[PDB]
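Numbering of ligands and ligand atoms starts at 1, following listing order. By convention in this document, chain letters (A, B, ...) are assigned in the order of the sequence lines, proteins followed by strands, and residues within each chain are numbered from 1. Only heavy atoms go into these numbers, but all of them, side chains included; no hydrogens, no water, no symmetry mates.
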Amino acid sequence: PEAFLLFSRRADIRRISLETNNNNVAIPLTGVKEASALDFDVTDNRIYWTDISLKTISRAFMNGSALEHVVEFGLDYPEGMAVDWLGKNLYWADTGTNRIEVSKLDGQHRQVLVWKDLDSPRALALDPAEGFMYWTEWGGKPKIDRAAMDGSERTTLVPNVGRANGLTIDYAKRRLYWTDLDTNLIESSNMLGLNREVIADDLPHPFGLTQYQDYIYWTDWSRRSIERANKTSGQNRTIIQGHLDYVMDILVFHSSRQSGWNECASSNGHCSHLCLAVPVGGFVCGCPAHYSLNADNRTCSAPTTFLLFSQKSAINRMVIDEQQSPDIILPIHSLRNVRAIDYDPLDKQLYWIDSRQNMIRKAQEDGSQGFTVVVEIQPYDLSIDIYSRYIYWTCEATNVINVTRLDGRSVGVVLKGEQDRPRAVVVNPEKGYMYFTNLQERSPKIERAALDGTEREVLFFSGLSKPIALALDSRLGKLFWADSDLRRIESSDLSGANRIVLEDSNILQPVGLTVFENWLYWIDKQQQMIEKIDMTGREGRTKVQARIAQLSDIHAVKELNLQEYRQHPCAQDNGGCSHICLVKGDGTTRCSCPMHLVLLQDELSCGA
Amino acid sequence: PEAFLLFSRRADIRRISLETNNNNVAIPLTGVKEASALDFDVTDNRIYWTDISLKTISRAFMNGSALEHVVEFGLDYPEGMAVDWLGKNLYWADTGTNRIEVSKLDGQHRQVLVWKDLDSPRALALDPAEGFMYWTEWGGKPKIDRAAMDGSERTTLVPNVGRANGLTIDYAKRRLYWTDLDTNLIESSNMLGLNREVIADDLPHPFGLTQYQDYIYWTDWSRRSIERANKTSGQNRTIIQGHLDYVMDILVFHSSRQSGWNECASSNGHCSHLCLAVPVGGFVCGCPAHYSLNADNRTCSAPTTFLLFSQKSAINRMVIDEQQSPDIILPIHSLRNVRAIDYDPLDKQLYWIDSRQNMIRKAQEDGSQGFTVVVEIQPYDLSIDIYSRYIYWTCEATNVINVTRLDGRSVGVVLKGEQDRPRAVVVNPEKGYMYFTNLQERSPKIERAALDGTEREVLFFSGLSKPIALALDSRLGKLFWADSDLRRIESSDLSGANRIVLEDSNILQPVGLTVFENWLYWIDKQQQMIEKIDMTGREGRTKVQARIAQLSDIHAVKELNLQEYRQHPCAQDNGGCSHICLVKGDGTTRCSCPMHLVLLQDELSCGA
Amino acid sequence: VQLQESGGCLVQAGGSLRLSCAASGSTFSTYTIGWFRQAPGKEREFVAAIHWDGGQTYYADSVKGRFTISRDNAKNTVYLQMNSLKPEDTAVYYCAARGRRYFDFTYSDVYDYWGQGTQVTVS
Amino acid sequence: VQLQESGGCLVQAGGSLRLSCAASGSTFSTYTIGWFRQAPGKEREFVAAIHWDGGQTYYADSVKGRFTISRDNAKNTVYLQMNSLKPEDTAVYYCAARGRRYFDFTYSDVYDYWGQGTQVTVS
Ligand SMILES: *[C@@H]1O[C@H](CO)[C@@H](O[C@@H]2O[C@H](CO)[C@@H](O[C@@H]3O[C@H](CO[C@H]4O[C@H](CO)[C@@H](O)[C@H](O)[C@@H]4O)[C@@H](O)[C@H](O)[C@@H]3O)[C@H](O)[C@H]2NC(C)=O)[C@H](O)[C@H]1NC(C)=O
Ligand SMILES: *[C@@H]1O[C@H](CO)[C@@H](O[C@@H]2O[C@H](CO)[C@@H](O[C@@H]3O[C@H](CO)[C@@H](O)[C@H](O)[C@@H]3O)[C@H](O)[C@H]2NC(C)=O)[C@H](O)[C@H]1NC(C)=O
Ligand SMILES: *[C@@H]1O[C@H](CO)[C@@H](O[C@@H]2O[C@H](CO)[C@@H](O[C@@H]3O[C@H](CO)[C@@H](O)[C@H](O)[C@@H]3O)[C@H](O)[C@H]2NC(C)=O)[C@H](O)[C@H]1NC(C)=O
Ligand SMILES: *[C@@H]1O[C@H](CO)[C@@H](O[C@@H]2O[C@H](CO)[C@@H](O)[C@H](O)[C@H]2NC(C)=O)[C@H](O)[C@H]1NC(C)=O
Ligand SMILES: *[C@@H]1O[C@H](CO)[C@@H](O[C@@H]2O[C@H](CO)[C@@H](O)[C@H](O)[C@H]2NC(C)=O)[C@H](O)[C@H]1NC(C)=O
Ligand SMILES: *[C@@H]1O[C@H](CO)[C@@H](O)[C@H](O)[C@H]1NC(C)=O
Ligand SMILES: *[C@@H]1O[C@H](CO)[C@@H](O)[C@H](O)[C@H]1NC(C)=O
Ligand SMILES: *[C@@H]1O[C@H](CO)[C@@H](O)[C@H](O)[C@H]1NC(C)=O
Ligand SMILES: *[C@@H]1O[C@H](CO)[C@@H](O)[C@H](O)[C@H]1NC(C)=O
Ligand SMILES: *[C@@H]1O[C@H](CO)[C@@H](O)[C@H](O)[C@H]1NC(C)=O
Ligand SMILES: [Cl-]
Ligand SMILES: [Cl-]
Ligand SMILES: [Cl-]
Ligand SMILES: [Cl-]
Ligand SMILES: [Cl-]
Ligand SMILES: [Cl-]
Ligand SMILES: [Cl-]
């Protein structure tokens, strides 16, 4: 086929033929605001581009159709992006999030490859035929690093360089090319960073770089042009096209720049998800974020135990492993003001309250199958009874505890009352009780009641100011609460005995609690931190992540024991009850009702 | 010359040649969001268009140069627009404001021509060679009206029609064309609205319309096309171009559609501002809004006395005349949250406080020569001493009365107290005193003091809750305040005697006062009303305008008698005082200082 | 003016579903109500629009013959009747309104009010 | 980040004027500060921009040779030195900032912060 040049500028991606050296024509795209980096897949006739203003990476055919946004979440400044044409993978570097990530060319199986000790990666270049990837860094000390295309064996390749841009590989002659924006030079070296050469030292403002055959191409923001010169001497210079202000990136669309081969190019290396190249010309199978590679070194298993913490407009996931894998944001759409979260381990769906929309919503961790459970009212906190498939939530407007099935059908109200101000809530269906904070005027309380609203008991009425968070661990028989005004975290038995302060120092605004294994996690909204303490008392209080803005809630997810779940007497058709199924101290069950109904003489049904 | 068709669609105005093979090419414009109506001036090679989203009417050459927004204020839905190519005037119709307006083609001398009993005018067509003006109305009873191009002799031309669109005049054959969007027909009548004929009754969805030679052109939103047919039989139909979705307006750019002549084209009728055509082929001279035509019927005089009333993001002007001219919004840019307004009748400049920017700004009624006088701080109210050229304003943050020269040079603080809360303020430099409300906690007061801060006297301390507005009339010796809590407006002498309630019923939230001569105007923010009462007693309480949202202040402007102004002893260079010039009871002057200075032995200067 | 969509849920291939858009704070006699849909990783797409006063309806080619937009004579509510649902019809369906009658109804930028959207999944 | 312009006034033709842009929440090690102008009835026009870290300056053709953009070394303030002022230089001058280096500095839509602007009128 014929080679042509593609360049990005403003919200346009245009084509310049090299048969005519003119014929400027735009690629018919829509929805583009600020096109930045560019790449292509010649066998698919597809182009790829990042949008710094929209925080997206997208793709489409040259014709203009099949326009897809393959990366929409978790981006801040996606300056670098490159296509793995052999393994059919998309790589990118985010200067804001300080991450090198990979995914399929359609966006599936997104994984983080570099995240430790990485300060502002900019340009990115891939060598899949050999298994190396190269990127520039605008960190504290700018440099050019190299690593295997699975993120391993990272190393510094060129330490003595300014803030480089347009990193380009000459695959025929084994040379790296880049533009030093701090010294305004076009430089070069071999693939190990040695034999530095200055290609052009008299250019006013070079920016963006590519290479094809005997020539290098660059854009000059001062001369507002795209130019070309002999790749070795730097002479034989010529103007390709002028009057082009602030051209961000250039490349030569031709098959001769996407050559080579690896085993990922033939049946994806028998990998179930990611086939990632490693030196020399080899490959390793990869998995999505927080997934683990199986013993066959080919297939991937989803995480069974993880942490969930929410912000105002985001819900994130975090695992606890030896690798210390980075936290990710879940692709949940239309998050406005998340107030609390919960998780159903049976159907593996995430629940949350949005205070601006005043709804309780549900979705899969990948964002699909969104559903509104309850939608004036103001849901405050929620807690799921996974055995009876109920949601216990408090209404800030009507001051009630309302019970709703997972499919949205209302069960009824189990707590209403003069003076009552129910807020935080946690259910303990293993014992048949619920625990909630009662923020009555100038007399806050932590109360307990049966899951039908009966057996009301005030557990604590002193040493409280604004108890705002609640957690519970049924196996240990412990209740946990955090007081945002008094700035401390306390604990007690489920009976209410043995009240003790766990932490009361270096805590500004605790607004969430959860229990992992023997650790008590909490979030400090003002300190922007997640911390944890060892409830066995052996290890000390540790920070786990900082600089997290607008923290809202935190919730731990344990792998569901199917056997222990099916042994709960309300797990099988609600124990015969039409509404509320209550576990007794015997281990057997009762049936009860919300407050607008009454239990009939069959001791199982509720009638008005 | 060559004829071609221009059409609007989305944010683009495009060109189609009628002689050549249809070469659809876009006019290189910028900043367009939603182009709707279209017109042109062939002698200028200029095009005109309205933007419904941006609420503007703009102009540019066919090459895109000299892009100008000639109408930027006071627009809501500018659906109709037409170019007077003989008198070089711009006409437009706004469906929202319910107004037919005129101005020069560059935007100068904007005037309202039709505003009384006008319900939603849509399309607009001009016939300046004859002096007539035609428009369609989408009001309660749709019809097509006619009037002289100065706004007079308004009449109903076609009463029996639906909501018409694309009103077009065949100047050669004396017929009107329009599209009835309610019956989906293309109709035609003569210039008298009689001899109705149906041109095309089988079209799926016609919308835009224009006429050229033997042809009519129209856009069809169902067929997504621009089509053409014989203007008489409706036969010989053809498609000019397809695959054009939702084309708003069309026109033929050719000199054959801008013929004729009138006296405005030869000498502008020797009018100083506007030359407006009237039947039959004559003209009359017009003036900008609120200007008056002198006895020579050629020159225009600016309004000498008028009323100013401000909203949150607007400052408006209003006069009192026989024809009852409409109120206009002054082209003041960057208004965010206007709290109070004032006016210097000497240099004829407008002053106001913007509570969001927290500054005191100044400009003319042109909107030009904007200047910030005061720039944390929180100006609340202001009152201008037009003789000493000072502004007396209260600071809500620091609770002081601060004085500042008109050019921004600070004079100093004249009042400050431990528990003082000075808010509303009005200056009486003819007597040497100022009046201000003191909103102390659960003890609101109306106080008086000399213009230097001495002789503090509480005039009233009972019958008040939230005295929020103040006004003063020096010839009558009367003080006026309005209580927003007690919902009443009172009056008293400057001494403090004869306190009387003027109105105390049907008043929700009075937040402003002013005096014209014998009338006391006020604004009710909650009722969105401007009302007035007669102080001499002959007439009763009347409304002057309704449905005015977010009212903030109101201020009357009286024509300044310069010889009486020069007789004030502080008008001649502050009477020799370096700071505060005080009129005393005998008519002579005294010098004083702000509180951080002291008067020196020379009895004229103030030093630290 | 506020808008609230409802009716979205999981539904089989070839099945039917009716969405509704509750409206508040106006008579909407000067409004156009339009429906949009946005699938993950795709641009927002125009579906249908209707004049509250007039009854004129406008449809995208991808939903012609299958989708019908209608108006309630009683409760200030616009409906979207969706028949013959394909898997590609899976998206979050948004309700939009603008106080103007004749304009480019596919131009989503010029609409004045939007709802929270409701999710329609088709297997 | 909050910006506040100052220095605008009335100046003769051919005179000189220096504008300044104050700063708050000084994240300016990663910011580009640009100047924009807007005359009444005209589109907003790019004037000049500067990299706070780096020192690179960029100018419009209508102000080359006459205008100069600079940084303060102790104040967190960008200056716009305006020499050889023409009457058509009359406009409200706006100071804009964006937490990014190297982009189309004339693209006013992508800047993140703006000031209230200051009025310069040239006779
Ligand atoms: C557009 O549509 C027209 C029909 O609506 C096309 O036909 C033209 O029609 C005229 C008459 O309407 C015919 O021209 C001649 O008419 C005279 C009589 O002329 C007098 O009467 C007519 C009608 O009352 C009036 O308009 C005149 O001013 C006169 O007062 C006959 O004596 C001739 O024999 C001849 O018929 C033709 O049918 C035609 N005119 C032409 C071809 O010049 C018209 O052709 C269509 N135009 C296009 C561009 O397609
Ligand atoms: C507890 O939460 C449930 C929802 O989970 C609330 O039920 C909702 O209550 C409203 C008003 O009581 C119902 O609206 C009504 O619908 C009927 C039609 O059935 C209509 O005729 C009425 O005019 C009114 O619009 C709504 O349908 C219902 N929703 C469900 C899913 O049951 C309940 O009100 C909450 N309880 C308290 C005390 O807040
Ligand atoms: C009454 O209004 C005047 C302005 O009309 C206020 O004067 C302003 O006062 C501030 C300080 O409070 C001045 O800022 C100062 O600038 C000098 C440099 O000249 C600097 O050395 C100081 O450290 C301080 O930053 C400001 O320039 C001045 N403005 C004018 C036009 O004089 C006055 O503060 C107001 N009164 C009260 C009680 O607030
Ligand atoms: C858009 O360009 C693509 C790229 O070819 C076309 O989509 C497919 O292209 C492959 C070749 O890579 C063909 O085998 C397929 O048949 C194409 N798909 C379809 C549905 O035709 C597509 O044809 C182009 N679109 C237009 C309108 O030209
Ligand atoms: C764009 O067109 C306008 C109008 O055609 C040009 O402005 C003037 O046009 C007249 C003729 O109509 C010439 O006599 C003048 O010399 C033109 N003005 C100037 C300053 O040259 C305008 O020049 C055109 N602009 C471009 C870039 O082509
Ligand atoms: C580039 O320059 C080298 C000399 O350094 C020369 O040998 C080579 O032929 C040149 N190539 C082209 C394409 O001009
Ligand atoms: C390129 O450069 C070298 C020497 O400067 C030489 O081969 C030749 O003259 C130049 N031009 C071309 C077109 O090769
Ligand atoms: C997986 O990899 C390890 C080390 O790379 C290797 O020792 C092991 O044999 C591999 N697993 C299988 C099933 O081959
Ligand atoms: C169609 O147009 C021709 C001219 O091209 C005209 O003479 C003829 O009368 C028209 N025919 C009809 C049926 O309108
Ligand atoms: C102006 O016109 C009015 C009426 O149209 C007339 O009474 C008056 O005499 C005219 N004055 C002049 C100077 O033409
Ligand atoms: Cl303790
Ligand atoms: Cl951290
Ligand atoms: Cl544009
Ligand atoms: Cl004439
Ligand atoms: Cl107006
Ligand atoms: Cl530079
Ligand atoms: Cl500098």
If you scan protein heavy atoms around atom 49 (C) of ligand 1, the nearest is B/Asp214 OD2, 3.3 Å

Verify atom 2 (O) of ligand 1: protein non-hydrogen atom under 4.0 angstrom away:
yes

Within a distance of under 4.0 Å, is there any protein heavy atom near atom 11 (N) of ligand 6?
yes

Around atom 4 (C) of ligand 6, find the nearest protein heavy atom and jot down its residue, atom name and distance.
A/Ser233 CB, 4.5 Å

Indicate yes or no: does an N/O atom of A/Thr232 lie under 3.5 Å from an N/O atom of ligand 6?
no

Using a strict threshold of under 4.0 Å (side-chain N to carboxylate O), is an ion pair present between A/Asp214 and A/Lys173?
no

At what distance, to the nearest 0.5 angstrom, does CZ of A/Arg196 lie from CG of A/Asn160?
6.5 Å

If we count only non-hydrogen protein atoms and require a distance under 4.0 Å, does atom 29 (C) of ligand 1 qualify as touching the protein?
no

Under a 3.5 Å distance rule, please check whether B/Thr168 uses its side chain to pair with a backbone N or O of B/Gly166 as donor and acceptor.
yes

Does atom 5 (O) of ligand 1 have any protein heavy atom closer than 4.0 Å?
yes

Just checking B/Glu2: does its CD atom have more than 12 heavy atoms from other residues, nucleotides or ligands closer to it than 6.0 angstrom?
yes

A/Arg146 NZ/CZ over A/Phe132 ring centroid, <6.0 Å and within 45° of normal
yes

Aromatic ring pairing B/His205/B/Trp221, orientation class (parallel under 30°, perpendicular over 60°, tilted between):
parallel

Among protein heavy atoms, which lies nearest atom 47 (N) of ligand 1, and at what distance?
B/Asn230 ND2, 3.0 Å

So which heavy atom in the protein is nearest atom 13 (C) of ligand 10, and how far is it from that ligand atom?
B/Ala295 O, 3.1 Å

Of all the non-hydrogen atoms in the protein, which one sits nearest to atom 6 (C) of ligand 10, and at what distance?
B/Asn297 ND2, 4.3 Å

Relative to each other, are the rings of B/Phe40 and B/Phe253 parallel, tilted or perpendicular (30° and 60° limits)?
tilted

Would a 4.0 Å cut-off, counted as strictly less than, catch a protein heavy atom around atom 37 (C) of ligand 1?
no

Atom 1 (C) of ligand 6: which protein heavy atom is closest, and how many Å away?
A/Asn230 ND2, 1.4 Å

Salt bridge flag under 4.0 Å for residues B/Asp84 and B/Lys104
no

My question is simple, although I want it checked carefully: is atom 22 (C) of ligand 1 less than 4.0 angstrom from any protein heavy atom?
no

Give a yes or no on whether atom 44 (C) of ligand 1 lies under 4.0 Å from any heavy atom of the protein.
yes

Could you check whether B/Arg14 makes a cation-pi contact with B/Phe7, meaning its NZ or CZ is under 6.0 Å from the centre of the six-membered ring and within 45° of the ring axis?
no

Determine if the distance from atom 10 (C) of ligand 1 to the closest protein heavy atom is below 4.0 Å.
no

With rounding to the nearest 0.5 Å, note down the distance linking CG in A/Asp170 to CE in A/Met191.
9.0 Å

Ion pair present between B/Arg99 and B/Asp327, side-chain N to carboxylate O less than 4.0 angstrom?
yes

Atoms in ligand 1 flagged as close to B/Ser233, the criterion being non-hydrogen separation under 4.0 Å
2 (O), 5 (O)

Which atoms from ligand 1 have a heavy atom of B/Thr232 less than 4.0 Å away?
5 (O)

